[PDB]
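K.L.:
Protein chains in written order, with our numbering: chain A, 49 to 265; chain B, 2 to 220. For each residue, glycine too, the CB sits at the ideal point set by N, CA and C. Attaching a single structure in structure tokens format; questions to follow.
Quick look at the structure:
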């Protein structure tokens with residue numbers, strides 16, 4: 049079960065500013081950012097962006113294990129394995145819902161008629177509000193939670209968290225401003241989770257699994 | 002009154018933050034355009050807010066956030082919260098941004114364009130301090146998060162006010178938009194580090210009861 053209900057997340061439509069408009073400096077920048085990523089298409093950083101695009105637990109685990117420095121599997125780290133999925137629901141979905149639905153911002157690949165670095169998701173995304181990025185809110189939240197469980201890896205986690213969000217831009221699924229907003233959303237939800245007992249309980253166990261000598265790499 | 006942790010205990014900002022935008026970088030073009038959009042509203046109500054937001058003295062920070070968190074913040078009524086406000090400035094505004102600041106020593110916009118800011122009195126000091134990332138922003142974001150933890154039903158207002166506090170640095174001409182976007186992340190990273198420190202948890206507990214005391218509630 050999720051740490052809290054959809055209604056228990058801080059309303060993102062209230063604290064986030066509206067999306068950059070057609071003539072705002074930020075939007076001119078969003079377009080420039082979009083084309084910079086489209087230009088390096090097919091390249092390695094572009095491929096990495098395609099990998100970061102997959103948010104299934106298996107892939108998140110594969111990506112963060114090296115960064116956090118511990119094996120992450122349903123067998124060795126069962127609580128950490130639920131934490132990753134639980135955080136995706138409340139952070140990527142619940143926390144971004146109201147803002148996303150209220151603005152229904154059009155995605156760049158849709159506006160310019162180009163495919164993304166991961167064509168599979170293109171149909172789902174077409175109908176999802178672009179602002180703010182749920183992927184980013186999730187990866188930011190994840191980075192902060194794991195930093196709390198294993199602070200010795202804080203800098204690596206903060207760094208990877210950031211690049212995971214930048215992958216969305218380069219991929220063509222989001223605008224730079226969607227990602228900038230998503231990061232703030234991730235921090236706000238992280239602060240909200242700290243007051244929920246179920247989370248404190250879960251985190252204690254996660255802290256135990258990731259610092260377990262039998263799980264370190 | 003002792004920092005929740007030592008300088009060396011802040012996550013190295015120079016390692017996780019990307020470098021500030023270069024001269025021919027599309028993002029710096031955005032920084033300059035953003036700077037002029039702010040210089041343009043000079044004299045408006047929002048501009049007035051930006052000038053008041055510029056003063057980070059504990060007195061002014063208390064005045065600004067009391068209404069938002071919904072409680073009277075004072076050295077007499079809320080002793081622990083008063084210390085918290087100053088402790089966070091130290092570890093969040095300075096310690097958390099120090100290495101990236103020194104590493105890049107980025108020039109501030111009001112200096113670059115030879116303009117005055119919305120708070121002339123602090124220019125001589127800002128002149129010596131690296132611009133990226135924004136310590137003011139990191140502190141205000143951190144503070145909004147910490148207060149959201151002590152008084153969660155005020156989370157949305159605190160989240161909004163913390164965000165606008167950062168935007169005031171941009172409007173005031175003291176920081177580039179990029180210094181602010183970066184400082185927000187720094188404040189978040191520091192917020193996560195503080196959760197693992199005992200001295201913080203203990204101070205927070207007191208702050209929590211002080212801010213929820215029936216006698217300090219504000220409308």
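Measure the C-alpha to C-alpha separation of residue 184/B and residue 232/A and round it to an integer number of angstroms.
P.N.:
Roughly 11 Å between the two C-alpha positions.
K.L.:
If you draw a straight line from the alpha carbon of residue 127/A to that of residue 207/A, how long is it in whole angstroms?
P.N.:
Rounded to whole angstroms, residue 127/A to residue 207/A spans 24 Å at the Cα level.
K.L.:
Could you tell me how far apart the beta carbons of residue 55/B and residue 130/B are, in whole angstroms, since I believe they sit closer than 8 Å?
P.N.:
Contact doesn't hold; Cβ gap of about 14 Å is too wide.
K.L.:
Please name the residue in 170/B, 210/B, 200/B, 207/B whose C-alpha comes closest to that of residue 47/B.
P.N.:
The shortest C-alpha separation from residue 47/B is found at 170/B.
K.L.:
Which residues in the same chain as residue 84/B place their Cβ atom closer than 8 Å to its Cβ, once the five residues preceding and following it in sequence are excluded?
P.N.:
Only 2, 204 meet the Cβ criterion.
K.L.:
Please go through the same chain and pick out, in chain order, the residues whose beta-carbon is closer than 6 Å to the beta-carbon of residue 181/A, but skip the five residues on each side of it.
P.N.:
Around residue 181/A: 216, 222, 226, 227, 230.
K.L.:
Rounded to the nearest angstrom, how far is the Cβ of residue 219/B from that of residue 73/B, given a contact under 8 Å?
P.N.:
Confirmed, Cβ separation roughly 6 Å.
K.L.:
Please confirm whether residue 54/A and residue 179/A have their CB atoms less than 7 Å apart.
P.N.:
Not closer than 7 Å, so no.
K.L.:
Quick one: is residue 179/B near chain A, going by C-beta distance under 7 Å?
P.N.:
It does not: the Cβ of residue 179/B has no partner Cβ on chain A nearer than 7 Å.
K.L.:
Below 8 Å on the Cβ atoms is my contact criterion, and I expect residue 60/A with residue 144/A to pass it. Report the Cβ-Cβ distance as a whole number of Å.
P.N.:
Contact flag correct, Cβ pair sits at about 6 Å.
K.L.:
As an exercise, report each continuous beta strand (DSSP E) stretch of at least 3 residues that is fully enclosed by the stretch 26 to 70 of chain B, in chain order.
P.N.:
None, since the stretch 26 to 70 of chain B contains no complete beta strand (DSSP E) of that length.
K.L.:
Taking all protein chains shown into account, decide if residue 137/B is buried (16 or more other Cβ within 10 angstroms of its Cβ) or exposed.
P.N.:
Buried: at least 16 other Cβ atoms inside 10 Å.
K.L.:
Identify each residue in the stretch 199 to 215 of chain B for which the Cβ-Cβ distance to at least one residue of chain A is less than 8 Å, and report them in chain order.
P.N.:
Result list empty, no residue passes.
K.L.:
Rounding to the nearest angstrom, what Cα-Cα distance links residue 191/B and residue 117/B in this structure?
P.N.:
Their backbone Cα atoms lie some 31 Å apart in a straight line.
K.L.:
Within this structure, are the beta carbons of residue 151/B and residue 93/B separated by less than 7 Å?
P.N.:
No, the pair does not count as a contact, with Cβ atoms beyond the cut-off.
K.L.:
Select from the stretch 203 to 220 of chain A all residues with a C-beta closer than 7 Å to any C-beta belonging to chain B, and list them in chain order.
P.N.:
Residues passing the 7 Å Cβ filter: 203, 206, 207, 210.
K.L.:
At 8 Å on the CB atoms, spell out the chain B contacts of residue 301/A, in chain order.
P.N.:
The first residue shown for chain A is 49 and the last is 265, placing residue 301/A beyond what the model contains.
K.L.:
Using a Cβ cut-off of 9 Å, pull out every chain A residue sitting near residue 221/B, in sequence order please.
P.N.:
The displayed coordinates of chain B run from 2 to 220. Any statement about residue 221/B would go beyond what the structure contains.
K.L.:
Does residue 228/A have its Cβ less than 7 Å from a Cβ in chain B?
P.N.:
Interface residue, yes.
K.L.:
By DSSP's criteria, residue 72/B is part of a beta bridge. Which residues make up the other side?
P.N.:
Note: residue 72/B sits in a beta bridge opposite 218/B.
K.L.:
Which of the residues in the stretch 69 to 82 of chain B, read from start to end, lie with their CB under 9 Å from any CB of chain A?
P.N.:
So the list is empty, because no residue satisfies the distance condition.
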